Protein chains: 2
Amino acid sequence: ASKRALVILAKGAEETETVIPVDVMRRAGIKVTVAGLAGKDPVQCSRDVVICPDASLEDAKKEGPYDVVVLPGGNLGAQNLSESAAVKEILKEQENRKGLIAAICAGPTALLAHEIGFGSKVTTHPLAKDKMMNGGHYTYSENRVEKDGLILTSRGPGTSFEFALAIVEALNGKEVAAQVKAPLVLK
Amino acid sequence: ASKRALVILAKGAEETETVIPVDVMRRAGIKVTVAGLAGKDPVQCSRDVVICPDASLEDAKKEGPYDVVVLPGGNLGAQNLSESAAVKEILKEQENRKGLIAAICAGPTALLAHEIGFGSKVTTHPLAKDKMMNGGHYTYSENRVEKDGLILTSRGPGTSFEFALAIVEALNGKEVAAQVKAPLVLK
Ligand SMILES: [Cl-]
Ligand SMILES: [Cl-]
């Protein structure tokens, strides 16, 4: 069966960090659900792009499990993810089932908020390092994409394609990732 | 006054090539209007991301002129742009007023359809070269971003940030482009 991804979309999310992974994962044949944190209605992203989610998170969370849970960044979007009890429950279930969790930019700070994956090596946006490192619960990395077991992190808008291809490689293998990569004209 | 950009969004557009330039241009302080070719309703992009436009093209075209007209790619989106009489009129007006026109991936093939900028050096997605070059009306380039006067072209999803920053440089200068670039964590 095809792999399945849950992308959790909150107000103030970074739209490039949302759309690039959705697009790349769909190119890889992954069944992606863009789930709105607040409900079914369109979401106003950080740079005012408005995205219509496929489902509310309330509905999508009942249709798991997912092979990957993806947390976009954007400072305000990640704060919203960090405050959500529903996100907490989803991430703890994914961690308990030994499923992949992928977060980019400010997104990894929701892992801290929900006490996920402590002891991992992680990266974030440079400006999100201090928040992520509060308490010393992770070891910091400057790699553009970082992966420590089932915790896969990345840094910013400009690492989104690399982040997404790393998700594809983890779920569908290096050959599929390479085939998806070539038509993208990445640098 | 702030510069203004018109981004023309058709069904089947490549969503990364739409969202990345909108985001980057807004980071540069440019007033961006995402205008739906078909009307005011949400647009189903090539990889099924659904974007709510700011306005219909029918309305937005009456609120010009714009400092740049931007044509995303995606094979089917570019075909829709190529078939549109409204797009033809907008591009011919922009060319006549010596305004910037920027197109990415399959997007430049709408320049061919509307007889815009013949004699320019252009790039496209590799798979769109033969369509763009039908008749020999342009000279082809493999540069990731190409600019010949007021015709600015680029190649694919993975050149979208570079394309957008080239628009910013053309409108707001190299220093603003460099300042916008740094937080993106580009490679
Ligand atoms: Cl942000
Ligand atoms: Cl396409």
Side-chain angles (χ1 to χ4, degrees), chain A residues 7 9 14-28 30-34 41-54 73-75 104-105 123-128 142 144-145 154-165 180-187, chain B residues 7 9 14-28 30-34 41-54 73-75 104-105 123-128 142 144-145 154-165 180-187:
Chain A
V7 176
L9 176 53
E14 225 297 333
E15 42 269 77
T16 70
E17 297 170 12
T18 302
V19 170
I20 290 162
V22 170
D23 181 312
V24 170
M25 288 187 293
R26 289 179 171 151
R27 287 169 176 268
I30 299 166
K31 300 179 68 170
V32 180
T33 301
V34 179
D41 291 338
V43 180
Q44 184 187 2
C45 295
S46 69
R47 275 66 185 176
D48 279 351
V49 173
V50 175
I51 298 172
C52 297
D54 300 318
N75 180 31
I104 182 164
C105 175
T123 194
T124 68
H125 193 277
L127 294 169
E142 297 177 82
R144 293 175 63 76
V145 179
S154 188
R155 308 204 75 184
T159 68
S160 296
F161 280 102
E162 293 151 84
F163 171 68
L165 288 167
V180 169
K181 177 176 184 181
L184 301 177
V185 202
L186 284 164
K187 181 153 191 192
Chain B
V7 176
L9 176 53
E14 225 297 333
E15 42 269 77
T16 70
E17 297 170 12
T18 302
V19 170
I20 290 162
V22 170
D23 181 312
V24 170
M25 288 187 293
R26 289 179 171 151
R27 287 169 176 268
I30 299 166
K31 300 179 68 170
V32 180
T33 301
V34 179
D41 291 338
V43 180
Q44 184 187 2
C45 295
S46 69
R47 275 66 185 176
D48 279 351
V49 173
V50 175
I51 298 172
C52 297
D54 300 318
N75 180 31
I104 182 164
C105 175
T123 194
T124 68
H125 193 277
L127 294 169
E142 297 177 82
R144 293 175 63 76
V145 179
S154 188
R155 308 204 75 184
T159 68
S160 296
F161 280 102
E162 293 151 84
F163 171 68
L165 288 167
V180 169
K181 177 176 184 181
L184 301 177
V185 202
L186 284 164
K187 181 153 191 192

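Sequence lines set the chain letters: A, B, ... in the order given, protein chains first and strands last, and positions in each chain run from 1. Scope of the values below: all heavy atoms of this structure, side chains included, with no hydrogens, waters or symmetry mates.
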Which heavy atom of B/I20 sits nearest to which heavy atom of A/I20, and what is that distance?
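That closest heavy-atom pairing would be CD1-CD1, 3.7 Å.
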Is B/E14 salt-bridged to A/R27, going by a charged N under 4.0 Å from an acidic O?
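Salt bridge: yes.
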Rounded to the nearest 0.5 Å, what separates atom [atom1] in [X] from atom [atom2] in [Y]?
X	Y	atom1	atom2	result
B/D54	A/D48	CG	CG	8.0 Å
B/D23	A/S46	CG	OG	5.5 Å
B/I51	A/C52	CD1	SG	9.5 Å
B/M25	A/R47	CE	CZ	14.0 Å

Quick one: of A/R144, A/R26, A/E162, who has the most non-hydrogen atom pairs under 4.5 Å with chain B?
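With the most close heavy-atom pairs to chain B, the winner is A/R144.
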B/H125 side-chain N/O to A/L184 backbone N/O, donor-acceptor pair under 3.5 Å
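Looks like no, no N/O pair under 3.5 Å.
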Report which part of A/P126 has an atom under 4.5 Å of a heavy atom belonging to chain B: side chain, backbone, both, or neither.
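Side chain only.
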Which atoms of A/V22 approach chain B - backbone, side chain, both or neither, heavy atom under 4.5 Å
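Looking at A/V22, just its side chain touches chain B.
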